[PDB]
Amino acid sequence: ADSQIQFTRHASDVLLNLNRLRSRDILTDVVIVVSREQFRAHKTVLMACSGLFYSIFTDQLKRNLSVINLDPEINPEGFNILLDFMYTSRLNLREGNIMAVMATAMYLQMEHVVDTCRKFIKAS
Amino acid sequence: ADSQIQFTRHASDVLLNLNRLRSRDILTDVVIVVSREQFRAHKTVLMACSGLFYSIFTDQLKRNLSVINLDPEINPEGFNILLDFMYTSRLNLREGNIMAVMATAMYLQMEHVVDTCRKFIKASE
Amino acid sequence: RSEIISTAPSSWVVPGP
Amino acid sequence: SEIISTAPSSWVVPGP
Numbered sequence: 005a006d007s008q009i010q011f012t013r014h015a016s017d018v019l020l021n022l023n024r025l026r027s028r029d030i031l032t033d034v035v036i037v038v039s040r041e042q043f044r045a046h047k048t049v050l051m052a053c054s055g056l057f058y059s060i061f062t063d064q065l066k067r068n069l070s071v072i073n074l075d076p077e078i079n080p081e082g083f084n085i086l087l088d089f090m091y092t093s094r095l096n097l098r099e100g101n102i103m104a105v106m107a108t109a110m111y112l113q114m115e116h117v118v119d120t121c122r123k124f125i126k127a128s
Numbered sequence: 005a006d007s008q009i010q011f012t013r014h015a016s017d018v019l020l021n022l023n024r025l026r027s028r029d030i031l032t033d034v035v036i037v038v039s040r041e042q043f044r045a046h047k048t049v050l051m052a053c054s055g056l057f058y059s060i061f062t063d064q065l066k067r068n069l070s071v072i073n074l075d076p077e078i079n080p081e082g083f084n085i086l087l088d089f090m091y092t093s094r095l096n097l098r099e100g101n102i103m104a105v106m107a108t109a110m111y112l113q114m115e116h117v118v119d120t121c122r123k124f125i126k127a128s129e
Numbered sequence: 498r499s500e501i502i503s504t505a506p507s508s509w510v511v512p513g514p
Numbered sequence: 499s500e501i502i503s504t505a506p507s508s509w510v511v512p513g514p
């Protein structure tokens, strides 16, 4: 009689569709500036993955900013790799960027990514 | 060229956090009006689950609307069930509501749900 | 009442065109 | 190769 069905690939299909929106610039609502680079995104996705971004868009003087400048110390490649990760689940690491990725993840308050970086310093 | 690490629970963590933002009303940007009722939501989430909503927010005269009225013919309890699903993965189907649930999914152009409504009246007389 | 699992993919996929 | 991680996110939108 009564019921509740869990679609196991639903979260995944949502994320996939959020990333297509992003990649077509549909309803993106902020540009993140990291030195001289610019990344378009959806604030809600940023806030759903990063503690730093939660705080930015939750400060009511900033909620409705459409440009955010990260600290000058933040690296564009490290940022790019984390933004892709937010929208895909895939963390693409190389020996020549893994520490920048880790620094960026600390700043964006994504600590499980940081631990994964540290822990992926086995072979090495 | 990359070592790629897939986080198998990321998508679900994201969806979970989007729901908290919803129920705390954070960054919600639209109200869906269904007869009597009102549902606050994020446009991007709506667009990520339904091609109806995608067709709406993709209209330049409609991109920036903060209120959207659905078909008067549409059931508010049906839409609430679909809206919770969209945010949680869980479709809560009853014998009492299933009728309108399916009419809503159909309206919202979400067949996988339509189909599990039919695949549900298997457990039927 | 009982919690059941569906492996159904979404029919809705945002285009790339 | 593509290794898998099973780690849950350490980020949880506050409930207040």
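Those sequence lines, one after another, are chains X, U, A and B.
Heads up: the first sequence begins at 5 in full-length UniProt numbering, then just goes up one per residue.
Heads up: the second sequence begins at 5 in full-length UniProt numbering, then just goes up one per residue.
Heads up: the third sequence begins at 498 in full-length UniProt numbering, then just goes up one per residue.
Heads up: the fourth sequence begins at 499 in full-length UniProt numbering, then just goes up one per residue.
In this text, a Cβ means the ideal position worked out from N, Cα and C, and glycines have one as well.
- Message: Which residue wins for smallest C-alpha separation from U/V105, given the options U/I85, U/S7, U/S27?
- Response: Here residue 105 of chain U refers to the residue found at position 101 when the second sequence is read from its first residue. The option with the nearest alpha carbon to U/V105 is U/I85.
- Query: On the three-state DSSP scale, how would you describe U/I102?
  - Reply: Locating residue 102 of chain U in the second sequence gives position 98, counting from the first residue. Looking at U/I102 - three-state DSSP - the assignment turns out to be helix.
- Who are the Cβ neighbours of U/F57 in its own chain at under 6 Å, not counting the five residues just before and after it? By one-based count along the second sequence, residue 57 of chain U stands at place 53. Sequence-distant partners of U/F57 (beyond 5 residues in either direction) whose C-beta falls short of 6 Å from its own C-beta, in its chain, are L50, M51.
- Task: Report the rounded CA-to-CA distance for X/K66 versus A/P514, giving the unit in angstroms.
- Result: In the first sequence, the residue the question calls residue 66 of chain X occupies position 62. In the third sequence, the residue the question calls residue 514 of chain A occupies position 17. Between X/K66 and A/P514, the C-alpha separation is close to 34 Å.
- Message: Check for me: the alpha helix (DSSP H) holding U/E81 runs from which residue to which?
- Response: Counting from one through the second sequence, the residue named residue 81 of chain U turns up at place 77. For U/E81, the enclosing alpha helix (DSSP H) starts and ends at 80-92.
- Query: Is A/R498 near the ligand SAM, going by C-beta to nearest heavy atom under 7 Å?
  - Reply: Absent from the structure shown: the ligand SAM. Ligands present: none.
- Task: Could you check the C-alpha separation between X/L19 and U/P76 for me, to the nearest Å?
- Result: Taking the first sequence and counting its residues from 1, one reaches residue 19 of chain X at position 15. Taking the second sequence and counting its residues from 1, one reaches residue 76 of chain U at position 72. Straight across, the Cα-Cα distance linking X/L19 with U/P76 is about 31 Å.
- Contacting positions in the region 45-61 of chain U - beta carbon closer than 8 Å to chain A: Against chain A - using a Cβ distance shorter than 8 Å - the residues of the region 45-61 of chain U are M51, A52, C53, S54, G55, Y58.
- Message: Could you tell me the alpha carbon to alpha carbon distance between X/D6 and U/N101, rounded to whole angstroms?
- Response: Position 2 of the first sequence, counted from the first residue, corresponds to residue 6 of chain X. Position 97 of the second sequence, counted from the first residue, corresponds to residue 101 of chain U. Pairing X/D6 with U/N101, the inter-Cα distance amounts to about 10 Å.
- Query: Do the CB positions of U/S70 and U/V38 come within less than 8 Å of each other?
  - Reply: Stepping through the second sequence from its first residue, residue 70 of chain U is reached at position 66. Stepping through the second sequence from its first residue, residue 38 of chain U is reached at position 34. Between U/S70 and U/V38, the gap from beta carbon to beta carbon reaches 8 Å or more.
- Measure how close the beta-carbons of U/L95 and X/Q8 come, nearest whole angstrom, since I'm counting them as under 8 Å. Working through the second sequence from its first residue, we reach residue 95 of chain U at position 91. Working through the first sequence from its first residue, we reach residue 8 of chain X at position 4. Cβ-Cβ separation between U/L95 and X/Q8: approximately 7 Å, consistent with a contact (criterion under 8 Å).
- Task: Answer yes or no: does any C-beta atom of chain X fall closer than 8 Å to that of U/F11?
- Result: In the second sequence, the residue the question calls residue 11 of chain U occupies position 7. Cβ-Cβ to chain X under 8 Å: yes for U/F11.
- CB of U/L112 within 8 Å of CB of U/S54, strictly: As a position in the second sequence, residue 112 of chain U is number 108, starting the count at 1. As a position in the second sequence, residue 54 of chain U is number 50, starting the count at 1. A distance below 8 Å separates the beta carbons of U/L112 and U/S54.
- Counting only beta-carbon atoms, is B/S499 nearer than 8 Å to chain X? As a first step, residue 499 of chain B must be located in the fourth sequence, where it is residue number 1. In terms of beta-carbon proximity, B/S499 stays away from the interface with chain X, with every pair separated by 8 Å or more.
- What residues of chain X sit near U/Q8, judged by a beta carbon separation below 7 Å? In the second sequence, residue 8 of chain U corresponds to position 4, counting from 1. Under the 7 Å cutoff, chain X gives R94, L95, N96.
- Task: Measure the alpha-carbon distance for A/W509 versus X/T12 and round it to whole angstroms.
- Result: As a working mapping, residue 509 of chain A is identified with position 12 in the third sequence. As a working mapping, residue 12 of chain X is identified with position 8 in the first sequence. Taking C-alpha positions only, A/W509 is separated from X/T12 by approximately 15 Å.
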